[PDB]
Structure formats: C-alpha cells, structure tokens
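Read the single chain below, which is given as structure tokens and is the form deposited in one PDB entry.
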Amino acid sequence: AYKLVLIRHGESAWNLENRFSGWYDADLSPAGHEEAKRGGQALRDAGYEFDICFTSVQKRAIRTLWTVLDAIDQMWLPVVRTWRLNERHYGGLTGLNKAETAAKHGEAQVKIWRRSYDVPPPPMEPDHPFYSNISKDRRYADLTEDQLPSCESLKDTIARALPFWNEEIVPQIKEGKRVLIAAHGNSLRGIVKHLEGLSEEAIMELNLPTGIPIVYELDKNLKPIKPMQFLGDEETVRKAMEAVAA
C-alpha cells in the first residue's frame, strides 16, 4: 500500500474574465483561495501527512500548495517546482476570451481544438501580447528549444508531464514517501490517465473537482487499488461532482 494525494487549484483572476490562461501566471481569486483553504482543512481533519510536495512553476498551483501546507501545519515539508506540471500551454489563445477566440479563429477550429486529444491550438508567436511575458520568462531559461512549447495539445501536455512523474515522483513513492501533488487540471489528467489506464476519450471527459483532495491507494506496483477517491464532506463532494459533470 502507498497513498498518493492530488489537488487541482481553484478559480483564478483570469477565470473571472473567461480568458484562456495556460502558461500565463494568473493568481487565485478569493474563491480559488477559499477552495485551497477548504481542501487543506479536509486534509487536516482527516489527519493526512505528507513527506514531499510537487507543484508547477505557476502561482495559482503554488499558492494552493502553500495554503494546504499552512492548514495541515506542514509548511516545513520539502517542496519541488517543475514546469512539467504546468497547465496545458493554450498557445495563441492565451489571453483571449471565448468571443475573441471565435472571431479570430472560427467556430470550426474552436470545435476541433475543444473536442480533440492531439490537435494543438495555434502557436503563440513573437507578436502575441503575452509572448514576452511567457516564452521569455527567465523561469524557462534552462529549457531547450525543443522543450519550450509554443502551444500544446492535451497529448503534448501529458507527454511532458509523465517523464517528471516517472523519474522524480515514482522513486519518492517507492521510497515510501507520502506525496502531495498540487497542480493543474491537464497535467493532473496526465497522471490520472497513466495511473488508471484510461482512454483518450475518458480522460478528456474526466474533469477533476477543484480544491477537493483526490486520494489514490496504490499497490506495490503503483496500480490503483481503487479509482480516485475524494476527501471532504460527502454532501459537498457530491455537489462538486454534480457541478463538474454539469
């Protein structure tokens, strides 16, 4: 038996404008921060303990991790940030809202990019208003040209998240470390797809509740003894799960 916990950050400041964030480093809204607090307090009430934490280089996830560590009195734990756990990169869509996206790129392309697993959105080009903000941010200075995405399908996202899982998180798990992972929807989807053997279709249909700790019981070979479970008040979990399915 190993136990793994995941948490997906809540609402961001750009969610309130309905604009695509991707790699843009938007901060939690008051609501997103409350969600982090509630998840941390659920972990505390259940007495959960961790030995090492993994998050992205993006502050909505990092601040979610911080709030959780505060709530469970485990601020002293080692924390590891990696770009490989970042949100899916939304390319030229970054910063655009849905109406702007439709005007510029068409209903047809938007439908294709929405429903597809491996069709990326358009690249974020040097004239993009957020190009310098993201692609030239020094936190990616040590990425190789081939590693720095200009845009990402879900498949790209998963393909760059899973190596960090394999080479950095898995050995900690096998080292019996209790791992907490505070990241984003699409990188977490990579982890879930790998753990549970889900298809492209299922994983694209699987939305992870925000601010709800996701608990995995893994056997000796890191196979989920059961599918993901949700920690919290059973009524607020079903409500978030009905929200998410809707």
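Rigid core: the largest C-alpha set superposing within 1.5 Å between the two forms. The first residue of the shown sequence is 1; numbering continues from there.
The protein also exists as the form deposited in another entry; that form is not presented, and the subsequent description refers to it.
Inset, instruction - Quick one: lay the two forms over each other on the core and tell me which of 159, 80, 170, 102 moves its CA by at least 2 angstroms between this form and the one not shown. - result: Among the listed residues, the one whose C-alpha moves by 2 Å or more is 102.
Inset, instruction - Using the form shown as baseline, tell whether residue 108 and residue 204 are closer or farther in Cα-Cα distance in the other entry, where the change reaches 3 Å or more. - result: Compared with the shown chain, residue 108-residue 204 is closer in the other entry.
Legend entry - CA-CA separation of residue 107 and residue 206, closer or farther in the other entry than in the form shown [shift of 3 angstroms or more]: Closer, not farther.
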